[PDB]
Amino acid sequence: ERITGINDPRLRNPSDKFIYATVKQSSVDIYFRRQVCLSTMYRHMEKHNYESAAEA
Amino acid sequence: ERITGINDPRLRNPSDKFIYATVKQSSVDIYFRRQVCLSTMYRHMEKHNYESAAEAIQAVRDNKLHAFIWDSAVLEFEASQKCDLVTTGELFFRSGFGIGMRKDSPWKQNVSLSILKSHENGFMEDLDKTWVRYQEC
Amino acid sequence: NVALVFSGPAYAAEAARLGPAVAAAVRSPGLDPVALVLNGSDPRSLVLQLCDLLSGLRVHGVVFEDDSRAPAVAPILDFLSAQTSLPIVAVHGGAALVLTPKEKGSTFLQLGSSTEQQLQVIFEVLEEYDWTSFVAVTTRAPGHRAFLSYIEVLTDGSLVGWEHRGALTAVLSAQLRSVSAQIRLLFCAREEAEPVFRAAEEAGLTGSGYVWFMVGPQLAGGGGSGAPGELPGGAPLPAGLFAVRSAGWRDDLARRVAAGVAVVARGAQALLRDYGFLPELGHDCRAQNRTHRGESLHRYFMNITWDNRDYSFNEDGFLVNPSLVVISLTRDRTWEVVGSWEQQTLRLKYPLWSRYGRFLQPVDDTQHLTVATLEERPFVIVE
Amino acid sequence: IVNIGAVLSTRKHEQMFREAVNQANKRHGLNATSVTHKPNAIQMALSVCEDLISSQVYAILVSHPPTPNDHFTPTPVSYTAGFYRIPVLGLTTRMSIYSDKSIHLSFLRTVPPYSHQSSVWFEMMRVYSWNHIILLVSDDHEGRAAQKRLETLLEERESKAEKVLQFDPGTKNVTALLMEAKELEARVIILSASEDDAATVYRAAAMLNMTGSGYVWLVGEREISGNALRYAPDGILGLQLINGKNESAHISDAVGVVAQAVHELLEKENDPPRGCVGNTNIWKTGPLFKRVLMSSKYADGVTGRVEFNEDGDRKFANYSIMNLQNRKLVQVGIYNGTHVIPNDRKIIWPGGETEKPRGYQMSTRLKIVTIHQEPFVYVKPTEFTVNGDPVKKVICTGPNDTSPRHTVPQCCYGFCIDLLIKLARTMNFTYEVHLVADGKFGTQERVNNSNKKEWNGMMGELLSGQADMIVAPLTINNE
């Protein structure tokens with residue numbers, strides 16, 4: 001199971017097995033930036049963001 | 001699966017299906033009280049805390065208590081000794097059991113050195129292997 | 001063996017008429033005379049007359065009523081009590097509420113109780129209404145440290161916030177205005193702070209948020225004709241002035257003196273008749289060995305009750321569990337009656353609190369919204 | 001012309017006081033009078049009222065007469081001065097109640113009170129760095145003031161005392177508190193009481209081995225007097241005023257201070273009332289004179305500079321630290337204002353110790369409270385290991401049966417027991433093992449009828465000092 005839900009450890013713990021991505025300069029990206037306890041997810045975004053939704 | 005780990009949704013989301021409990025007036029209880037994003041766990045403690053570790057162990061053994069959060073070493077030893085039970089979750093809070101003395105106690109320093117002596121002498125794990133981790137159920 | 005001391009000559013004849021109505025003329029401990037001290041100007045001749053009366057008939061209970069409630073005379077009473085071991089009463093005086101530490105053999109036993117009890121009454125009123133004390137206004141008067149300790153203890157016990165401790169010494173008024181203070185708990189003497197009251201009235205401290213509450217040592221203490229200050233109202237009201245005082249604020253001074261005399265007589269009875277002894281106390285105003293000893297008759301006063309007032313007095317000669325009255329200086333420049341406190345119980349006006357208490361509500365300072373709501377699913381549940 | 005007066009019954013110091021004030025008026029920058037100390041306090045009050053009525057006295061001078069009258073002499077004149085808010089001064093006022101501004105605010109003490117003597121005692125502590133200090137002070141208003149001053153000073157120094165002993169004056173069998181404090185680790189005792197109380201406590205201490213090695217007591221001037229000196233063990237430290245009971249020097253210093261005060265007052269552009277009789281109201285200029293007296297000070301007096309504090313009491317006053325060597329108060333130190341000076345390094349402690357004994361007294365009766373944790377603390381109501389070795393199940397009482405409250409000794413053996421017996425074998429410390437009745441670790445809980453959160457359980461007992469240290473599976477937390 002890749003992600004069973006919001007509480008999935010893979011969602012909580014970043015790793016190189018998955019490539020979490022969002023569209024660059026997006027409201028979801030800023031929400032994740034301001035999302036506490038998930039700065040690791042923000043770093044994953046910064047290192048793996050997709051330039052567009054279509055490419056993702 | 002009751003709890004697959006620290007990230008288990010049941011651990012994150014409280015419910016009446018499980019009865020999470022800890023010993024009343026315990027360091028783990030205060031840590032959970034000061035633990036952010038888990039005030040729901042603190043409420044679960046307040047409404048379901050066990051008055052002692054022995055009663056919680058007995059309840060878990062005979063299924064009154066669905067889960068008992070407790071220190072790794074003691075809970076593991078109890079589960080091994082009495083069997084019929086399992087331990088879940090890794091050492092998500094590494095800590096140590098030491099000594100407590102009055103502020104600026106001159107002897108405590110010596111005690112600290114003595115602690116190292118035990119780690120040099122193995123006396124702690126000597127007593128452990130003597131009467132802790134071999135008579136498992 | 002009863003002596004009455006007073007400073008108001010017009011109360012002379014009534015003292016000879018209202019007094020005996022609750023005195024040995026109707027009180028048992030008299031068993032087998034009432035004296036009036038006409039001197040109310042200087043203590044020298046007053047002390048001389050007291051010693052003369054003690055030599056003559058050995059008065060047991062003597063009560064002094066202060067017309068102006070001057071506190072400077074109380075040390076004279078303490079000195080006389082230490083000299084003669086004579087139980088005394090001080091009524092209608094500002095120092096009655098002041099718990100001065102008397103000499104070991106002194107038996108001052110003032111009518112007034114501790115100002116800390118009035119402070120705790122005010123704090124109970126606050127806990128009913130306001131859960132955060134803004135400014136504690138205080139001068140360099142004695143007991144200011146005790147007042148600060150008491151307010152700190154009370155606020156810490158009941159979890160009441162603090163904003164300012166205005167230990168005051170125009171410029172002072174400007175400095176007071178520099179702090180965002182709403183509830184003013186003032187503990188200051190009338191004479192020294194009277195210019196301070198005038199300045200605060202003229203400094204804009206009469207606003208809606210700025211609410212001032214007075215204490216016993218202020219003009220609130222003492223009843224009857226009124227407190228002159230700058231009588232019905234004293235200092236100008238800063239638009240919602242509050243105060244606390246003893247139960248004698250509206251009770252007659254003569255009736256309070258008679259009640260005190262009756263209490264003293266009942267205590268003397270409960271001591272002597274129960275012990276089967278005879279009155280053997282300091283019977284001279286000179287120097288002798290017996291002047292080195294003394295005691296407080298509060299150990300024989302808890303068996304006394306009258307007019308719904310307890311009488312289990314303390315060692316320092318102050319009543320434990322007294323009856324007090326909280327009052328307000330309304331816009332009519334007159335002292336209203338907010339309510340009464342007795343046995344940790346408050347009989348007050350409608351205790352509703354929606355920015356209530358002072359009628360000058362803080363709505364301007366803190367916006368109030370008429371939140372209309374309907375009972376529905378547990379997202380809004382009424383009980 | 002300024003009308004001033006003084007109170008003294010010597011009948012000879014009046015002339016020298018008048019000469020001194022006349023010389024001060026001539027040099028520094030006015031008629032003076034003297035009043036004899038009347039025997040009766042009421043008579044003294046009548047005399048002072050008559051003098052104030054006849055003469056508008058600006059400030060009075062009072063000293064204790066050579067005849068010992070305790071605190072009776074200065075009360076009537078002080079009350080008379082405070083009635084009209086007249087700022088006056090005293091000479092031999094060593095009591096701190098006059099220093100208080102409650103009733104006697106109009107009194108200026110030219111000499112620090114006994115309570116201030118406690119302050120240098122902390123400096124005395126800093127002389128030898130013996131933090132193990134205990135207090136044995138009589139339950140008196142002056143004693144309570146000295147105790148609270150010492151408590152504030154040690155709180156500033158962050159050095160908590162061992163304990164405090166309160167004894168009511170005139171009471172016997174004071175040996176109870178002496179024994180209740182003897183077992184403590186403190187070796188230096190701070191005491192301050194009246195002469196009779198001091199003699200009684202010294203006799204009680206000498207009765208039961210309280211003057212031996214590791215025993216020493218420092219007391220104030222009032223304690224080192226009378227037959228208490230005869231009953232005082234040798235080597236007991238004491239503090240005395242630098243000027244002693246020298247009335248002439250105090251009179252000269254007060255004359256200089258009064259000259260400075262009147263010189264400053266003459267510059268004011270805005271009088272005493274119409275005497276004690278008639279003018280019942282106080283003088284409006286009285287508070288102003290008090291304020292300018294607070295502002296003013298005296299410099300380079302007969303006994304050096306006399307700088308009054310906010311309460312009108314001389315600051316950084318010197319003192320003489322004496323030691324009871326060969327049954328005499330030999331000169332061993334000078335507390336120059338605030339600095340200690342060991343003039344003679346010949347201090348012999350009461351226990352016959354030539355060297356300075358450590359303030360800590362060795363303690364071996366280590367009390368250990370514990371909590372029943374089966375893996376660590378096996379407890380069985382009242383056997384060998386797998387290899388046949390004996391099990392060190394020591395006797396441990398304290399569990400009140402079922403938490404009807406029957407404290408019973410049981411057998412204790414486990415991980416913590418093994419660790420503690422290993423320690424006791426290591427550094428040779430005796431142990432008294434007991435459990436806790438509450439059966440909880442404890443936490444900061446704002447319990448009922450309490451103001452703040454208080455530690456409970458084993459940690460609460462350890463903080464309260466019930467046990468020397470806790471030996472239990474305790475989690476390390478910064479709280």
# chains A, B, ... in the order shown; residues from 1 in each chain; ligands from 1
$ interface_residues --of "chain A" --to "chain B" --cutoff "9 Å" --atoms "only C-alpha atoms" --output "VMD selection string"
chain A and resid 5 to 9 12
$ residues_around --residues "residue 304 in chain C" --least-positions-apart "5" --cutoff "8 Å" --atoms "only C-alpha atoms" --output "MDAnalysis selection string"
chainID C and resid 263 266:267 310:312
$ closest_atom_pairs --of "chain B" --to "chain D" --cutoff "10 Å" --atoms "only C-alpha atoms" --output "tab-separated table"
residue	atom	partner	partner_atom	distance
B:23	CA	D:440	CA	8.2
B:24	CA	D:440	CA	7.0
B:25	CA	D:442	CA	4.9
B:26	CA	D:441	CA	5.6
B:27	CA	D:475	CA	6.4
B:28	CA	D:475	CA	8.2
B:29	CA	D:443	CA	9.3
B:30	CA	D:443	CA	7.5
B:31	CA	D:477	CA	8.8
B:51	CA	D:440	CA	8.5
B:52	CA	D:440	CA	8.1
B:53	CA	D:373	CA	8.3
B:54	CA	D:374	CA	8.6
B:71	CA	D:475	CA	9.1
B:73	CA	D:375	CA	9.4
B:74	CA	D:375	CA	6.5
B:75	CA	D:375	CA	9.3
B:77	CA	D:375	CA	7.6
B:78	CA	D:375	CA	7.7
B:95	CA	D:476	CA	6.9
B:96	CA	D:475	CA	6.2
B:97	CA	D:474	CA	5.3
B:98	CA	D:474	CA	6.5
B:99	CA	D:471	CA	5.9
B:100	CA	D:470	CA	5.3
B:101	CA	D:469	CA	4.3
B:102	CA	D:469	CA	6.4
B:103	CA	D:463	CA	8.9
B:105	CA	D:469	CA	9.2
B:107	CA	D:427	CA	9.1
B:108	CA	D:469	CA	9.2
B:110	CA	D:427	CA	8.4
B:111	CA	D:423	CA	7.5
B:114	CA	D:423	CA	7.3
B:115	CA	D:419	CA	8.9
B:118	CA	D:419	CA	8.7
B:123	CA	D:419	CA	8.2
B:124	CA	D:415	CA	7.5
B:125	CA	D:415	CA	9.7
B:127	CA	D:415	CA	6.9
B:128	CA	D:415	CA	7.9
B:130	CA	D:386	CA	7.5
B:131	CA	D:386	CA	7.9
B:132	CA	D:375	CA	7.5
$ write_last_selection --atoms "C-alpha atoms" --output "PDB file, in the first residue's frame"
ATOM      1  CA  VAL B  23      -0.645   5.043  34.993  1.00  0.00           C
ATOM      2  CA  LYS B  24      -2.071   8.073  36.779  1.00  0.00           C
ATOM      3  CA  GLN B  25       0.499  10.694  37.823  1.00  0.00           C
ATOM      4  CA  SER B  26       3.221   9.386  35.517  1.00  0.00           C
ATOM      5  CA  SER B  27       5.948  11.001  33.439  1.00  0.00           C
ATOM      6  CA  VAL B  28       4.424   9.538  30.268  1.00  0.00           C
ATOM      7  CA  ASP B  29       1.100  11.146  31.192  1.00  0.00           C
ATOM      8  CA  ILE B  30       2.724  14.568  31.591  1.00  0.00           C
ATOM      9  CA  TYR B  31       4.632  14.093  28.330  1.00  0.00           C
ATOM     10  CA  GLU B  51      -4.616   3.743  38.490  1.00  0.00           C
ATOM     11  CA  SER B  52      -1.608   1.405  38.247  1.00  0.00           C
ATOM     12  CA  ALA B  53       0.535  -0.482  35.763  1.00  0.00           C
ATOM     13  CA  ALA B  54      -0.422  -3.863  37.243  1.00  0.00           C
ATOM     14  CA  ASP B  71       7.860   2.196  28.786  1.00  0.00           C
ATOM     15  CA  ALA B  73      11.764  -2.176  28.751  1.00  0.00           C
ATOM     16  CA  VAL B  74       9.265  -2.833  31.549  1.00  0.00           C
ATOM     17  CA  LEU B  75       6.337  -3.531  29.220  1.00  0.00           C
ATOM     18  CA  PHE B  77       9.683  -7.747  30.135  1.00  0.00           C
ATOM     19  CA  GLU B  78       6.139  -8.100  31.476  1.00  0.00           C
ATOM     20  CA  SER B  95      14.922   7.815  27.412  1.00  0.00           C
ATOM     21  CA  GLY B  96      16.702   6.454  30.458  1.00  0.00           C
ATOM     22  CA  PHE B  97      16.000   5.373  34.016  1.00  0.00           C
ATOM     23  CA  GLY B  98      18.451   6.996  36.412  1.00  0.00           C
ATOM     24  CA  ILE B  99      18.643   8.315  39.966  1.00  0.00           C
ATOM     25  CA  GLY B 100      17.058  11.366  41.545  1.00  0.00           C
ATOM     26  CA  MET B 101      18.516  13.256  44.500  1.00  0.00           C
ATOM     27  CA  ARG B 102      18.101  16.619  46.188  1.00  0.00           C
ATOM     28  CA  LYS B 103      19.422  19.659  44.350  1.00  0.00           C
ATOM     29  CA  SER B 105      23.602  16.642  46.321  1.00  0.00           C
ATOM     30  CA  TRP B 107      26.920  12.152  46.520  1.00  0.00           C
ATOM     31  CA  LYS B 108      24.940  12.170  43.258  1.00  0.00           C
ATOM     32  CA  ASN B 110      29.673   9.747  42.822  1.00  0.00           C
ATOM     33  CA  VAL B 111      26.476   7.851  42.029  1.00  0.00           C
ATOM     34  CA  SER B 114      28.957   4.386  40.015  1.00  0.00           C
ATOM     35  CA  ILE B 115      26.412   4.217  37.191  1.00  0.00           C
ATOM     36  CA  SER B 118      27.757  -0.644  36.496  1.00  0.00           C
ATOM     37  CA  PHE B 123      25.738  -5.372  36.903  1.00  0.00           C
ATOM     38  CA  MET B 124      22.495  -3.982  35.465  1.00  0.00           C
ATOM     39  CA  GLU B 125      22.317  -6.492  32.624  1.00  0.00           C
ATOM     40  CA  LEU B 127      20.719  -8.849  37.188  1.00  0.00           C
ATOM     41  CA  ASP B 128      18.633  -8.657  34.007  1.00  0.00           C
ATOM     42  CA  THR B 130      19.713 -13.299  36.153  1.00  0.00           C
ATOM     43  CA  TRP B 131      15.992 -12.758  36.663  1.00  0.00           C
ATOM     44  CA  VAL B 132      14.423 -10.787  33.796  1.00  0.00           C
TER      45      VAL B 132
END
$ atom_distance --atom1 "CA of residue 233 in chain D" --atom2 "CA of residue 329 in chain D"
11.4 Å
$ select_by_dssp --residues "range 188-332 of chain D" --states "strand (DSSP E)" --output "ChimeraX atom specification"
/D:188-192,216-219,237-241,298-301,304-306,319-325,328-332
